[PDB]
Amino acid sequence: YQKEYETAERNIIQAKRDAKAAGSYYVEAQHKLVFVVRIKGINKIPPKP
Amino acid sequence: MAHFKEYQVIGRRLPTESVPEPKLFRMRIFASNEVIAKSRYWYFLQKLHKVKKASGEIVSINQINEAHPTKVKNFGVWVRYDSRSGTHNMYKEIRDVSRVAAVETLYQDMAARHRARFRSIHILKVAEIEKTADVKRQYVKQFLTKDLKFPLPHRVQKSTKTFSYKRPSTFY
Amino acid sequence: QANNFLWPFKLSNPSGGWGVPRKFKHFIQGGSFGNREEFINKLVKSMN
Amino acid sequence: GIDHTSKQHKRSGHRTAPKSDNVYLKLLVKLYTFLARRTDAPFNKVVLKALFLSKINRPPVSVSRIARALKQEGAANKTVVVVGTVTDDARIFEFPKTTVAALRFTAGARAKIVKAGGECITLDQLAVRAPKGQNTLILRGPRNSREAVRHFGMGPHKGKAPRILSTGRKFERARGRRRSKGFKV
Amino acid sequence: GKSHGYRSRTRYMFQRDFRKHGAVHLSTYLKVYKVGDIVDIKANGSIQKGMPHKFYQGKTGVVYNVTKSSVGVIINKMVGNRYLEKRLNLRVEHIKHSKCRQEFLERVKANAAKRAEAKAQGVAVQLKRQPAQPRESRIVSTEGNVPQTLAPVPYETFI
Amino acid sequence: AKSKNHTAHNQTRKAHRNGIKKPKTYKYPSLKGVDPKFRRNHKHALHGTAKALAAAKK
RNA sequence: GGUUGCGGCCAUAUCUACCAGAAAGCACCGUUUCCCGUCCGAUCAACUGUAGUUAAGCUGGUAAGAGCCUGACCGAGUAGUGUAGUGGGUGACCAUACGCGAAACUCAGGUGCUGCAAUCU
RNA sequence: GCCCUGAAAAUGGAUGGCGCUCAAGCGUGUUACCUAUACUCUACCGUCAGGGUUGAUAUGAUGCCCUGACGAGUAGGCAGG
RNA sequence: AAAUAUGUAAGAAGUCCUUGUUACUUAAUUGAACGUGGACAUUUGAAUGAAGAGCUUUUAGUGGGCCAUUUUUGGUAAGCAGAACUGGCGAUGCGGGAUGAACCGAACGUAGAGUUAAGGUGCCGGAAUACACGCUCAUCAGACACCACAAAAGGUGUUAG
RNA sequence: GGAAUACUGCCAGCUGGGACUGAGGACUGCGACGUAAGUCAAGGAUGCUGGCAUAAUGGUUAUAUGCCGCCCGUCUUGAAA
Ligand SMILES: [Mg+2]
Ligand SMILES: [Mg+2]
Ligand SMILES: [Mg+2]
Ligand SMILES: [Mg+2]
Ligand SMILES: [Mg+2]
Ligand SMILES: [Mg+2]
Ligand SMILES: [Mg+2]
Ligand SMILES: [Mg+2]
Ligand SMILES: [Mg+2]
Ligand SMILES: [Mg+2]
Ligand SMILES: [Mg+2]
Ligand SMILES: [Mg+2]
Ligand SMILES: [Mg+2]
Ligand SMILES: [Mg+2]
Ligand SMILES: [Mg+2]
Ligand SMILES: [Mg+2]
Ligand SMILES: [Mg+2]
Ligand SMILES: [Mg+2]
Ligand SMILES: [Mg+2]
Ligand SMILES: [Mg+2]
Ligand SMILES: [Mg+2]
Ligand SMILES: [Mg+2]
Ligand SMILES: [Mg+2]
Ligand SMILES: [Mg+2]
Ligand SMILES: [Mg+2]
Ligand SMILES: [Mg+2]
Ligand SMILES: [Mg+2]
Ligand SMILES: [Mg+2]
């Protein structure tokens, strides 16, 4: 997994530099994952949310 | 809306089989982080082309650093803004070392003098003014005269302690 | 299945603060709430 | 705080022990909770629970009812288990052999079963013979056959029995019970 | 005082579609209905018999009966804190096969088939629908598409 | 004295404590209101198929 | 491809005007003994297919034609709207943030498609 | 934009008070700091749940033991005292 | 002709093949229903969650409500009267709004340590008489949501356009 | 042309100061370091030293000081009224 990671990240970096080099723009994949933190307490909340 | 950086934002409409390769549009946006800058990109694009970010994508976002961050320049600033009772265009001048430095004083100045918060202003153009005396505005021309010097009368030093055993002076 | 096996993470309040005068506006508007994108790491790290 | 999604401190709605104070029953319970815990065997888990049931939920199993179950294909030699009491029934004539384990036999039921060459076992006796419930047939009385339940769900068009104390024409048979007297039900 | 007749509040609901008044075309009478079919109810106010009450306008249920001129439909209606089961006798002018049960049956076939070619190749299938996924990396080129840069525009009156 | 006249206020809070569940679905549902001729013939159809199923057990 | 009978969708099929139509069909068209209906064989009924005609119907063409249809980063991401703030404003009201998104307008293109059966230089 | 006029009510008096004028005022930006019965970690009380254990072997099997979570309350219901 | 709200579906009670029953139905073993026998279980037919799901009986209190944002009717208006959805108060302390049923924050076993919220940090009072660019001088300045009001109209005050 | 630095981010990089806690009670578990026997910071604190006796310390009580604290019961949308 250390390798997987290390080379995915590196890959993306070089992708970008190559596009630049070709006069193109690399556009990154949209994020497949998020972390969400609830920051409002628990009173007065509308049913749907 | 803070300590400003300036970004190139480049975006486009999503590809269709009908139009792969749709045209690319760029804006220079002043904002403090890139989440704001892309927001701002879409806010303007939506007022200028049919596109919502749901039909478009951002292709590139890149910070543009000041080229000569210690040459002093005089900048022309063009601004559109809302007052409590209408909306106005306005040309002002700012003397500074970087666009990013200029723009930030623009925002403080719109706040001080016209009570314009950030939501209410659009930066229309910002430009180094090439030839001195294309400078139009007194309060910047004043600084452009030859062998300019001035004193700073009445100097107040801040004191580190609450009592002082001598009556201070303002002498500079 | 993996994610569900993980109980909800119980974070503390952020150590160092929220960095804005008011949480209940959007991150775009001066802060907390909504997608702050990459900047979630800094926030979660101070909460963790 | 916590946005609770479910009642806090809710207690399972189930008996955990018999409400009875009969020492002997507690002992049958003490037996079965060892058995239930220490063997696999679904059987004891079932018999464990049934020991806790209140009287309304142990309706009696009758001796003809055992006769009938014994006529199931491949059932004739099973030992039939009633976690409750077995009652006599003058309605079957030919009654077969088998071994019935129950909480209680009425006198006629013991007689009947015995006379036909069979055997009456108590639950601990059934335990030793069948620590895992091997070759048993658990039987249950008709619970909704009770008089109380005739009146449940009483309402317009429900088909239920009023709680009447005294019956005949002249008691609750006129307005609202026939088209000729106001409406019908 | 107040007024709550049977067709109360129905002026726009039972009206006919603009430039679509008159005879109802025969397709309506040629559809066949089966017990267990899923129909959508929608009143045709030009046919006053066999007409759904207005609560059922826009609602979809299951056919439970078929008759000379009508289908019986089962609708589940909420009254209080509980759905009650309701049965309606609608004439056919007021009913229409539910189009989504059709996509569904079509897909069930498609599914059986996808399963077949997969087994008669002995491979994995994957038959359930995924939702729209994030979007993978791309390289946009600039050949013929050097980005055009835009700026905000000055206020102006057009009046 | 006049008093309040109507409101729904609180009524959905109340319906949703224990509330809504759904229909009570069965295979083999109520034949209530189904065409009498039809039913009368379904009877005979079912009797017959039962008959034969038992006929195929000798 | 034409035409007829029975249609599906029900103006891209309707409307106005002017042209054009071989062949077959369809039509108009001749007749009044009969069944049948009229103030009136006009309609409706019957009879011949015989005496006649494409005039009309009908089909298609024309038209910076009326209407209808379709498209469009045409207008307009506008109007309106779900959600957010101890945002602005004396207020009326307005701006921003995450989203959804019209109508009229303008311009471009189009003006029936089709199922069954029969028949035709 | 700020400021000034327009701007009249009754006991003496209220940006909360003092007082503050390149503010301790108005607009805006940036850091640090103070602080709730909230959040994080830990002890203890109780409630609920799940689990183990009289197999022969001293003193409670409605017991002993292990583990996780939870705790606002009028009218009112039940429980243990 | 929106937005928000709203109905149904996303399969084992399913699919396919074979051919049984009837008094219904068809010109017609033709359909319609219900079935026998045979085949198909890895993703079996989107997502996320499930603190277990389903069910029965019986009985308390209540049946004056009120408030806020938004929609909204009557009224010049009202701390007025009347509806819509949600969230609150009532039944509820705690931290902030000096004060205060209803606003902001946040809901509560007994405690220790840490961190924050809303709100604050001259002194009263815990916390920079912090940093930065302006603007403002009032012989009636001004000073913070709900909130404890101010307008038309004027100024050669001063600012920027 | 060749560097540096800032900014942002990563390290299963090394270290200093301060504060609260120390539940548990033979052994069982997962490991780590050792060539090894052994060792360990690895399923919850130990070790060394000292201090106190008509006392260190703790409970109670009175009083002062800081901050806080309206009269209960009742009906009520709303009671310190
Ligand atoms: Mg923006
Ligand atoms: Mg917009
Ligand atoms: Mg404006
Ligand atoms: Mg603007
Ligand atoms: Mg809020
Ligand atoms: Mg967001
Ligand atoms: Mg043809
Ligand atoms: Mg068709
Ligand atoms: Mg005649
Ligand atoms: Mg005539
Ligand atoms: Mg004639
Ligand atoms: Mg005729
Ligand atoms: Mg004709
Ligand atoms: Mg014709
Ligand atoms: Mg023509
Ligand atoms: Mg035209
Ligand atoms: Mg809105
Ligand atoms: Mg809003
Ligand atoms: Mg403000
Ligand atoms: Mg507002
Ligand atoms: Mg608006
Ligand atoms: Mg507007
Ligand atoms: Mg979004
Ligand atoms: Mg549309
Ligand atoms: Mg077209
Ligand atoms: Mg056809
Ligand atoms: Mg034909
Ligand atoms: Mg305001």
# chains A, B, ... in the order shown; residues from 1 in each chain; ligands from 1
>>> residues_around(residues="residue 119 (chain G)", least_positions_apart="6", cutoff="9 Å", atoms="only C-alpha atoms (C1' of nucleotides)", output="PDB file with N, CA, C and O atoms (P, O5', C5', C4', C3', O3' and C1' of nucleotides), in the first residue's frame")
ATOM      1  P     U G   3     -53.281  10.049 -54.710  1.00  0.00           P
ATOM      2  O5'   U G   3     -54.495   9.053 -54.897  1.00  0.00           O
ATOM      3  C5'   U G   3     -55.109   8.911 -56.167  1.00  0.00           C
ATOM      4  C4'   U G   3     -56.021   7.731 -56.192  1.00  0.00           C
ATOM      5  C3'   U G   3     -56.746   7.437 -54.903  1.00  0.00           C
ATOM      6  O3'   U G   3     -57.831   8.287 -54.688  1.00  0.00           O
ATOM      7  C1'   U G   3     -55.957   5.431 -55.866  1.00  0.00           C
ATOM      8  P     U G   4     -58.462   8.409 -53.226  1.00  0.00           P
ATOM      9  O5'   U G   4     -59.147   6.990 -53.002  1.00  0.00           O
ATOM     10  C5'   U G   4     -60.324   6.616 -53.708  1.00  0.00           C
ATOM     11  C4'   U G   4     -60.704   5.193 -53.421  1.00  0.00           C
ATOM     12  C3'   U G   4     -61.025   4.867 -51.984  1.00  0.00           C
ATOM     13  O3'   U G   4     -62.302   5.307 -51.601  1.00  0.00           O
ATOM     14  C1'   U G   4     -59.667   3.186 -52.868  1.00  0.00           C
ATOM     15  P     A G  24     -57.692   4.482 -67.284  1.00  0.00           P
ATOM     16  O5'   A G  24     -57.986   3.780 -65.881  1.00  0.00           O
ATOM     17  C5'   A G  24     -57.835   2.384 -65.697  1.00  0.00           C
ATOM     18  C4'   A G  24     -57.587   2.058 -64.247  1.00  0.00           C
ATOM     19  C3'   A G  24     -58.689   2.445 -63.280  1.00  0.00           C
ATOM     20  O3'   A G  24     -59.737   1.496 -63.212  1.00  0.00           O
ATOM     21  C1'   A G  24     -56.635   3.247 -62.460  1.00  0.00           C
ATOM     22  P     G G  25     -61.223   1.966 -62.802  1.00  0.00           P
ATOM     23  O5'   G G  25     -60.983   2.532 -61.350  1.00  0.00           O
ATOM     24  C5'   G G  25     -61.058   1.695 -60.232  1.00  0.00           C
ATOM     25  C4'   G G  25     -60.617   2.431 -59.030  1.00  0.00           C
ATOM     26  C3'   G G  25     -61.643   3.354 -58.406  1.00  0.00           C
ATOM     27  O3'   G G  25     -62.541   2.658 -57.569  1.00  0.00           O
ATOM     28  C1'   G G  25     -59.593   4.498 -58.634  1.00  0.00           C
TER      29        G G  25
END
>>> interface_residues(of="chain I", to="chain E", cutoff="6 Å", atoms="only C-alpha atoms (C1' of nucleotides)", output="list in words")
residues 7, 8, 43, 45 and 46 of chain I
>>> write_last_selection(atoms="N, CA, C and O atoms (P, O5', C5', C4', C3', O3' and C1' of nucleotides)", output="PDB file, in the first residue's frame")
ATOM      1  P     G I   7     -45.883  11.004  -1.663  1.00  0.00           P
ATOM      2  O5'   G I   7     -46.711  10.395  -2.894  1.00  0.00           O
ATOM      3  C5'   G I   7     -48.098  10.094  -2.811  1.00  0.00           C
ATOM      4  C4'   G I   7     -48.545   9.265  -4.003  1.00  0.00           C
ATOM      5  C3'   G I   7     -47.746   8.017  -4.263  1.00  0.00           C
ATOM      6  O3'   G I   7     -48.158   6.957  -3.458  1.00  0.00           O
ATOM      7  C1'   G I   7     -47.988   9.180  -6.271  1.00  0.00           C
ATOM      8  P     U I   8     -47.121   5.833  -3.054  1.00  0.00           P
ATOM      9  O5'   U I   8     -46.802   5.142  -4.451  1.00  0.00           O
ATOM     10  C5'   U I   8     -47.676   4.192  -5.005  1.00  0.00           C
ATOM     11  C4'   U I   8     -47.152   3.680  -6.311  1.00  0.00           C
ATOM     12  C3'   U I   8     -45.839   2.918  -6.250  1.00  0.00           C
ATOM     13  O3'   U I   8     -45.997   1.573  -5.846  1.00  0.00           O
ATOM     14  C1'   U I   8     -45.729   4.477  -7.982  1.00  0.00           C
ATOM     15  P     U I  43     -23.900 -12.131  -3.827  1.00  0.00           P
ATOM     16  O5'   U I  43     -24.316 -10.589  -3.931  1.00  0.00           O
ATOM     17  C5'   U I  43     -23.598  -9.700  -4.786  1.00  0.00           C
ATOM     18  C4'   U I  43     -24.430  -9.243  -5.958  1.00  0.00           C
ATOM     19  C3'   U I  43     -24.139  -9.949  -7.292  1.00  0.00           C
ATOM     20  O3'   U I  43     -25.319  -9.930  -8.096  1.00  0.00           O
ATOM     21  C1'   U I  43     -23.740  -7.671  -7.548  1.00  0.00           C
ATOM     22  P     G I  45     -30.194  -7.617  -4.621  1.00  0.00           P
ATOM     23  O5'   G I  45     -30.594  -7.014  -6.061  1.00  0.00           O
ATOM     24  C5'   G I  45     -30.276  -5.682  -6.409  1.00  0.00           C
ATOM     25  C4'   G I  45     -30.297  -5.440  -7.902  1.00  0.00           C
ATOM     26  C3'   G I  45     -31.542  -4.767  -8.478  1.00  0.00           C
ATOM     27  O3'   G I  45     -31.088  -3.815  -9.431  1.00  0.00           O
ATOM     28  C1'   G I  45     -31.038  -6.644  -9.719  1.00  0.00           C
ATOM     29  P     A I  46     -30.664  -2.380  -8.875  1.00  0.00           P
ATOM     30  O5'   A I  46     -29.733  -2.740  -7.641  1.00  0.00           O
ATOM     31  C5'   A I  46     -29.442  -1.811  -6.608  1.00  0.00           C
ATOM     32  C4'   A I  46     -28.705  -0.579  -7.092  1.00  0.00           C
ATOM     33  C3'   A I  46     -28.069   0.243  -5.980  1.00  0.00           C
ATOM     34  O3'   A I  46     -26.761  -0.162  -5.615  1.00  0.00           O
ATOM     35  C1'   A I  46     -29.509   1.642  -7.192  1.00  0.00           C
TER      36        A I  46
END
>>> residues_near_ligand(ligand="ligand 27", cutoff="9 Å", atoms="only C-alpha atoms (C1' of nucleotides) and all ligand atoms", output="VMD selection string")
chain G and resid 4 to 6 116 to 118
>>> interface_residues(of="chain D", to="chain H", cutoff="9 Å", atoms="only C-alpha atoms (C1' of nucleotides)", output="list in words")
residues 1, 8, 9, 10, 11, 12, 17 and 30 of chain D
>>> residues_around(residues="region 105-120 of chain D", least_positions_apart="2", cutoff="9 Å", atoms="only C-alpha atoms (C1' of nucleotides)", output="list in words")
residues 62, 63, 84, 85, 86, 87, 88, 89, 94, 95, 96, 97, 98, 99, 100, 101, 102, 103 and 122 of chain D
>>> residues_near_ligand(ligand="ligand 21", cutoff="12 Å", atoms="only C-alpha atoms (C1' of nucleotides) and all ligand atoms", output="number ranges by chain")
G: 78-81, 93-96
>>> residues_near_ligand(ligand="ligand 6", cutoff="9 Å", atoms="only C-alpha atoms (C1' of nucleotides) and all ligand atoms", output="PyMOL selection string")
(chain C and resi 26-28+33-37) or (chain G and resi 97-98)
>>> write_last_selection(atoms="N, CA, C and O atoms (P, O5', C5', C4', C3', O3' and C1' of nucleotides)", output="PDB file, in the first residue's frame")
ATOM      1  N   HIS C  26     -21.423  30.033   5.630  1.00  0.00           N
ATOM      2  CA  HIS C  26     -20.643  29.089   4.857  1.00  0.00           C
ATOM      3  C   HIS C  26     -19.175  29.423   4.878  1.00  0.00           C
ATOM      4  O   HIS C  26     -18.788  30.571   5.049  1.00  0.00           O
ATOM      5  N   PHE C  27     -18.362  28.400   4.655  1.00  0.00           N
ATOM      6  CA  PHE C  27     -16.930  28.578   4.547  1.00  0.00           C
ATOM      7  C   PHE C  27     -16.672  29.674   3.543  1.00  0.00           C
ATOM      8  O   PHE C  27     -15.832  30.523   3.795  1.00  0.00           O
ATOM      9  N   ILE C  28     -17.395  29.686   2.429  1.00  0.00           N
ATOM     10  CA  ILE C  28     -17.172  30.724   1.420  1.00  0.00           C
ATOM     11  C   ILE C  28     -17.480  32.137   2.014  1.00  0.00           C
ATOM     12  O   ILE C  28     -16.881  33.180   1.641  1.00  0.00           O
ATOM     13  N   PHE C  33     -18.942  25.175   8.015  1.00  0.00           N
ATOM     14  CA  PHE C  33     -20.194  24.831   7.258  1.00  0.00           C
ATOM     15  C   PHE C  33     -20.097  24.900   5.765  1.00  0.00           C
ATOM     16  O   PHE C  33     -19.569  25.856   5.191  1.00  0.00           O
ATOM     17  N   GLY C  34     -20.514  23.793   5.173  1.00  0.00           N
ATOM     18  CA  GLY C  34     -20.286  23.576   3.775  1.00  0.00           C
ATOM     19  C   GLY C  34     -18.963  22.880   3.472  1.00  0.00           C
ATOM     20  O   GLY C  34     -18.212  22.424   4.353  1.00  0.00           O
ATOM     21  N   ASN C  35     -18.665  22.795   2.191  1.00  0.00           N
ATOM     22  CA  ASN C  35     -17.572  21.997   1.762  1.00  0.00           C
ATOM     23  C   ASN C  35     -16.400  22.929   1.794  1.00  0.00           C
ATOM     24  O   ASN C  35     -16.304  23.836   0.980  1.00  0.00           O
ATOM     25  N   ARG C  36     -15.488  22.718   2.718  1.00  0.00           N
ATOM     26  CA  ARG C  36     -14.279  23.525   2.677  1.00  0.00           C
ATOM     27  C   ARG C  36     -13.171  22.775   1.965  1.00  0.00           C
ATOM     28  O   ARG C  36     -12.015  23.182   2.022  1.00  0.00           O
ATOM     29  N   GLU C  37     -13.517  21.673   1.324  1.00  0.00           N
ATOM     30  CA  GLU C  37     -12.564  20.964   0.489  1.00  0.00           C
ATOM     31  C   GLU C  37     -11.356  20.466   1.260  1.00  0.00           C
ATOM     32  O   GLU C  37     -11.515  19.771   2.261  1.00  0.00           O
TER      33      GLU C  37
ATOM     34  P     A G  97     -22.005  34.665  -4.364  1.00  0.00           P
ATOM     35  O5'   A G  97     -22.038  33.956  -2.946  1.00  0.00           O
ATOM     36  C5'   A G  97     -20.875  33.455  -2.328  1.00  0.00           C
ATOM     37  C4'   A G  97     -21.248  32.368  -1.373  1.00  0.00           C
ATOM     38  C3'   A G  97     -21.911  31.175  -2.008  1.00  0.00           C
ATOM     39  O3'   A G  97     -20.996  30.266  -2.509  1.00  0.00           O
ATOM     40  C1'   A G  97     -23.217  31.886  -0.205  1.00  0.00           C
ATOM     41  P     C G  98     -21.288  29.530  -3.866  1.00  0.00           P
ATOM     42  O5'   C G  98     -22.049  28.211  -3.443  1.00  0.00           O
ATOM     43  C5'   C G  98     -21.696  27.464  -2.306  1.00  0.00           C
ATOM     44  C4'   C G  98     -22.661  26.328  -2.123  1.00  0.00           C
ATOM     45  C3'   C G  98     -23.344  25.844  -3.387  1.00  0.00           C
ATOM     46  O3'   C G  98     -22.565  24.958  -4.128  1.00  0.00           O
ATOM     47  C1'   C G  98     -24.959  26.204  -1.719  1.00  0.00           C
TER      48        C G  98
END
>>> interface_residues(of="chain G", to="chain B", cutoff="8 Å", atoms="only C-alpha atoms (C1' of nucleotides)", output="number ranges by chain")
G: 73, 76-77, 88-89, 95-96
>>> closest_atom_pairs(of="chain F", to="chain I", cutoff="7 Å", atoms="only C-alpha atoms (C1' of nucleotides)", output="JSON lines")
{"residue": "F:27", "atom": "CA", "partner": "I:13", "partner_atom": "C1'", "distance": 6.1}
{"residue": "F:38", "atom": "CA", "partner": "I:24", "partner_atom": "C1'", "distance": 5.7}
{"residue": "F:41", "atom": "CA", "partner": "I:24", "partner_atom": "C1'", "distance": 5.7}
{"residue": "F:44", "atom": "CA", "partner": "I:22", "partner_atom": "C1'", "distance": 6.0}
{"residue": "F:45", "atom": "CA", "partner": "I:22", "partner_atom": "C1'", "distance": 4.0}
{"residue": "F:46", "atom": "CA", "partner": "I:34", "partner_atom": "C1'", "distance": 6.8}
{"residue": "F:48", "atom": "CA", "partner": "I:21", "partner_atom": "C1'", "distance": 5.5}
{"residue": "F:49", "atom": "CA", "partner": "I:21", "partner_atom": "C1'", "distance": 4.3}
>>> residues_near_ligand(ligand="ligand 9", cutoff="8 Å", atoms="only C-alpha atoms (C1' of nucleotides) and all ligand atoms", output="JSON, numbers by chain")
{"G": [32, 33, 34, 41, 46]}
>>> residues_near_ligand(ligand="ligand 12", cutoff="12 Å", atoms="only C-alpha atoms (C1' of nucleotides) and all ligand atoms", output="number ranges by chain")
G: 36-37, 41-47
>>> decode(residues="region 17-33 of chain A", atoms="N, CA, C and O atoms", output="mmCIF file, in the first residue's frame")
data_model
loop_
_atom_site.group_PDB
_atom_site.id
_atom_site.type_symbol
_atom_site.label_atom_id
_atom_site.label_comp_id
_atom_site.auth_asym_id
_atom_site.auth_seq_id
_atom_site.Cartn_x
_atom_site.Cartn_y
_atom_site.Cartn_z
ATOM 1 N N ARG A 17 2.427 17.988 -15.063
ATOM 2 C CA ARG A 17 3.561 18.681 -15.638
ATOM 3 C C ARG A 17 3.614 18.370 -17.097
ATOM 4 O O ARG A 17 4.064 19.181 -17.868
ATOM 5 N N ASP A 18 3.147 17.195 -17.486
ATOM 6 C CA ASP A 18 3.173 16.828 -18.892
ATOM 7 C C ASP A 18 2.162 17.629 -19.672
ATOM 8 O O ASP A 18 2.496 18.175 -20.728
ATOM 9 N N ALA A 19 0.938 17.714 -19.157
ATOM 10 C CA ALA A 19 -0.068 18.571 -19.787
ATOM 11 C C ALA A 19 0.474 19.973 -19.966
ATOM 12 O O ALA A 19 0.425 20.547 -21.057
ATOM 13 N N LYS A 20 1.014 20.518 -18.894
ATOM 14 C CA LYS A 20 1.551 21.849 -19.021
ATOM 15 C C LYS A 20 2.531 21.860 -20.189
ATOM 16 O O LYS A 20 2.568 22.805 -20.986
ATOM 17 N N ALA A 21 3.259 20.766 -20.333
ATOM 18 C CA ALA A 21 4.375 20.751 -21.245
ATOM 19 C C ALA A 21 3.827 20.663 -22.650
ATOM 20 O O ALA A 21 4.412 21.179 -23.599
ATOM 21 N N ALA A 22 2.660 20.054 -22.759
ATOM 22 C CA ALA A 22 1.990 19.945 -24.034
ATOM 23 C C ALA A 22 1.082 21.129 -24.325
ATOM 24 O O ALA A 22 0.398 21.140 -25.341
ATOM 25 N N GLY A 23 1.054 22.113 -23.433
ATOM 26 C CA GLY A 23 0.168 23.241 -23.617
ATOM 27 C C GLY A 23 -1.273 22.836 -23.349
ATOM 28 O O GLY A 23 -2.207 23.457 -23.853
ATOM 29 N N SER A 24 -1.438 21.787 -22.548
ATOM 30 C CA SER A 24 -2.744 21.314 -22.152
ATOM 31 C C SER A 24 -2.979 21.548 -20.662
ATOM 32 O O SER A 24 -2.095 22.060 -19.976
ATOM 33 N N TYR A 25 -4.167 21.203 -20.157
ATOM 34 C CA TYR A 25 -4.359 21.203 -18.714
ATOM 35 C C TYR A 25 -4.793 19.838 -18.205
ATOM 36 O O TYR A 25 -5.779 19.282 -18.676
ATOM 37 N N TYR A 26 -4.066 19.280 -17.247
ATOM 38 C CA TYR A 26 -4.501 18.038 -16.641
ATOM 39 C C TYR A 26 -5.677 18.368 -15.753
ATOM 40 O O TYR A 26 -5.585 19.288 -14.962
ATOM 41 N N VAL A 27 -6.799 17.681 -15.842
ATOM 42 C CA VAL A 27 -7.779 18.008 -14.825
ATOM 43 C C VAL A 27 -8.097 16.813 -13.991
ATOM 44 O O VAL A 27 -8.443 15.767 -14.520
ATOM 45 N N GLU A 28 -7.922 16.972 -12.688
ATOM 46 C CA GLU A 28 -7.856 15.879 -11.749
ATOM 47 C C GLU A 28 -9.195 15.187 -11.643
ATOM 48 O O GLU A 28 -10.213 15.802 -11.909
ATOM 49 N N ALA A 29 -9.201 13.909 -11.255
ATOM 50 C CA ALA A 29 -10.468 13.204 -11.004
ATOM 51 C C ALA A 29 -11.256 13.855 -9.869
ATOM 52 O O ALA A 29 -10.675 14.373 -8.915
ATOM 53 N N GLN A 30 -12.575 13.857 -9.970
ATOM 54 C CA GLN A 30 -13.367 14.421 -8.888
ATOM 55 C C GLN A 30 -13.277 13.491 -7.690
ATOM 56 O O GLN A 30 -13.187 12.281 -7.855
ATOM 57 N N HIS A 31 -13.334 14.049 -6.492
ATOM 58 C CA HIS A 31 -13.124 13.273 -5.283
ATOM 59 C C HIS A 31 -14.148 12.153 -5.042
ATOM 60 O O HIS A 31 -15.355 12.365 -5.123
ATOM 61 N N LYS A 32 -13.673 10.962 -4.731
ATOM 62 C CA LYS A 32 -14.622 9.905 -4.571
ATOM 63 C C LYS A 32 -15.099 9.814 -3.140
ATOM 64 O O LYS A 32 -16.066 9.096 -2.868
ATOM 65 N N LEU A 33 -14.448 10.573 -2.241
ATOM 66 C CA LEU A 33 -14.593 10.382 -0.778
ATOM 67 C C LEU A 33 -14.626 11.694 -0.029
ATOM 68 O O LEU A 33 -13.797 12.562 -0.351
#
